[PDB]
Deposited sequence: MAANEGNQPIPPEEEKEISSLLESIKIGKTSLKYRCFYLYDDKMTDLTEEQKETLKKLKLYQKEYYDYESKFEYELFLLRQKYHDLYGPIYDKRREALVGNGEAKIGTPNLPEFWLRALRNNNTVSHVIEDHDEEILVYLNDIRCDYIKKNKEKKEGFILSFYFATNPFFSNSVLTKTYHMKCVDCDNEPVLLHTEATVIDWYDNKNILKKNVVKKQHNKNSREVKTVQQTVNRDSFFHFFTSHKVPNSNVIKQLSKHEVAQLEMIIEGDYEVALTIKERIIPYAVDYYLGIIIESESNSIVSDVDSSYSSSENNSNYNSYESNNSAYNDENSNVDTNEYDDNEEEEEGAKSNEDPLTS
């Protein structure tokens, strides 16, 4: 800008070097994408084996009753959004999975149950940093909508986009829960069940 010609040259050289930094950084970012994908695929079979052993019925994880409810209960962050009335519903939980959008999408698989007909409840987090969320609409059976009667874990399946403090607080807490399920509950489920974490 208003530098001496000599300094202008120095500045151009720095931009040149900075351009070099960005090139290497893009390549690192790429190798990071590869790395996370590779292991995501290596974890997949391990998750399916657990599901298989757990599910093999009109009850969640029949080969190990209340598996997910207890794993979720044993995690501080998630335990805070689970109420006593939510427990009779969560015992029907067969599996929780995380998938990339063909952001990420969390899926909650439920066995046939007297609360809602959905065999699966999903939550999609759209991100670049959160953009917006999409939740499946729960098809509650007559008089079973616990959201009516109050606070409930199932408020998690509520779609959001972007008073302000109110919205920020809600979106923040929701994303925190989702992140915990995605990075903690799913990767270390049984250890939470056993409560050894």
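- Numbered from the first deposited residue, the unresolved ranges run 1-44, 101-103, 150-156, 183-190, 212-233, 247-258, 294-359.
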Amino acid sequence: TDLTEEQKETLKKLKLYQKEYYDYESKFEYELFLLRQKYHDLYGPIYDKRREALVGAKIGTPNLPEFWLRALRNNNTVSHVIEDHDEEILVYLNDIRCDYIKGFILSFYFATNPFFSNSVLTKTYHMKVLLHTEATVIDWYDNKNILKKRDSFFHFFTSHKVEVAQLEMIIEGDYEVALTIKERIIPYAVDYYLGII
From here on, numbers count along this sequence of modelled residues.
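- Checked against the record, the higher mean CA B factor of 168-176 and 38-46 lies with 168-176.
- Here the stretch with the larger average CA B-factor, out of 59-67 and 28-36, is 28-36.
- Ranked by Cα temperature factor within the chain, residue 74 sits in the middle third according to the deposited record.
- In the PDB entry, a CA B factor belonging to the middle third of its chain's modelled residues is recorded for residue 5.
- The deposited CA B-factor of residue 149 belongs to the highest third of values across its chain.
- When the CA B factors of the chain's modelled residues are split into thirds, the value for residue 121 lands in the lowest one.
- Among all modelled residues in this chain, the alpha-carbon of residue 89 has a temperature factor (C-alpha) in the lowest third.
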